[PDB]
C-alpha cells in the first residue's frame, strides 16, 4: 500500500459548510453549462466542494463558494486538456486561451464564447467584489502561467516527447494552477501582507515546497488514469523515462522526493525572519494556509472517485 507513505507531521481541517458548498458548486456547474452528457449520475460524486472545504477550512461561506466554484472550473478545464482532443491541438488551445486572457483583462464574453469562458468571467466578477486590483493582477498572472503550462503539455503530446525530471518539475509548479489557489488563502484568511513579506525568498521557497508536495502527491495518485489516456505529465512516468527503471522503482523514487520535500517545508517554516508582530501574525496564517492545502489535496484525493 504505497498510498500509506503519503504522510505529513501535521493535520488538516474541513469547513462546517462543506456539503452546502458542494451542492452549490454542482448547481453553479449546471447554471454555466459545464456538466457533460456522460456525467449525468457521475456529477453527484465529483465532490469538488469537499476539496475546497478542506483547502480553506476557516473561510466565510461566500468566499469558500468562490474557491469551490474556481476548483470545479480547474477540474472541468483539466479534463478537456487531459482527456479530449483539444489537449493534442495547440492552435485550438491558443484560440480558447485568447478568449480566457481577454476575460482576465475584464472583457465581457461574446454571444459565441464557450461555457468555460462565461464561467471564468463569473469568477473574475465575484473575486473583483472581494479583492483589490493588486491581488486580481497577481491571481490573473498565476492563471496565465497555468494556460502557458497547458500549451506546454499540448506540444509535448503533439511531439510525443516526455520531459526530463528538471523540466517536468519546473513546469508542474504551473500546470496544476496551485499558485492561483494559494492566492485565495489571503482572501479566505482576510490577510494583507506587505510587498516585502509577500515576495520574501523564504515565503517563495515555502510556496514552492507546498506546490511540489501537492503535485507529486497527485502524480502518485493519478498515474493509473494518466497512463490509461497515454499521457506523460506525471513524476512517476518522467522518473521511469529518465532512469529507465520499473514502475514500482519509479513510484518508490517519487515517494522519496515527496517525503524529502515535506522535510524541506517543515525545515524552512522555522527560517521565516521576524519583520514585526503584525506582519509575522499574518505570515503565520498564510503558511498555516499552505499546510491546510497540503493536507486537503491528500485527504480528498485518497477517497475521491477521480483517482479510484
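Positions refer to the first chain, counted from 1. C-alpha atoms forming the largest set that superposes within 1.5 Å between two forms make up the rigid core.
Undergrad: Core fit done; bigger CA RMS in 5 other deposited structures of this protein for 74-82 or for 194-202?
TA: Checking 74-82 against 194-202 in 5 other deposited structures of this protein, I find the farther stretch is 74-82.
Undergrad: Taking the other compared entries of this protein, do a third or more of them lack coordinates for residue 39?
TA: Yes: coordinates for residue 39 absent from at least a third of the compared entries.
Undergrad: On average, which has the higher Cα B-factor in the deposited entry, 269-277 or 252-260?
TA: The entry gives the higher C-alpha B-factor average to 269-277.
Undergrad: Look over 223-231 and 168-176 in the entry and identify the one with the greater average Cα temperature factor.
TA: Stretch with the higher mean C-alpha B-factor: 223-231.
Undergrad: For the CA B factor values reported in this entry, which option in 140, 108, 205, 211 has the top one?
TA: Top of the list by C-alpha B-factor: 108.
Undergrad: If I read the C-alpha B-factors straight from the PDB entry, which of 134, 156, 150, 117 is highest?
TA: It is 134.
Undergrad: Could you place residue 69 in the lowest, middle or highest third of its chain by Cα temperature factor, using the values in the record?
TA: For residue 69, whose C-alpha B-factor we compare with every modelled residue in the chain, the answer is the lowest third.
Undergrad: What third of its chain, lowest, middle or highest, does the C-alpha temperature factor of residue 130 fall into?
TA: Ranked within chain, residue 130 CA B lands in the highest tercile.
Undergrad: If you rank the chain by CA B-factor, which third does residue 292 end up in: lowest, middle or highest?
TA: Answer is middle: the recorded C-alpha B-factor places it there.
Undergrad: Would you please rank residue 80 by its C-alpha temperature factor against the other modelled residues of its chain and give the third it falls in: lowest, middle or highest?
TA: Answer is middle: the recorded C-alpha B-factor places it there.
Undergrad: Among all modelled residues of this chain, ranked by Cα B factor, put residue 300 in the bottom, middle or top third, i.e. lowest, middle or highest.
TA: Lowest third, going by the recorded CA B-factors of the chain.
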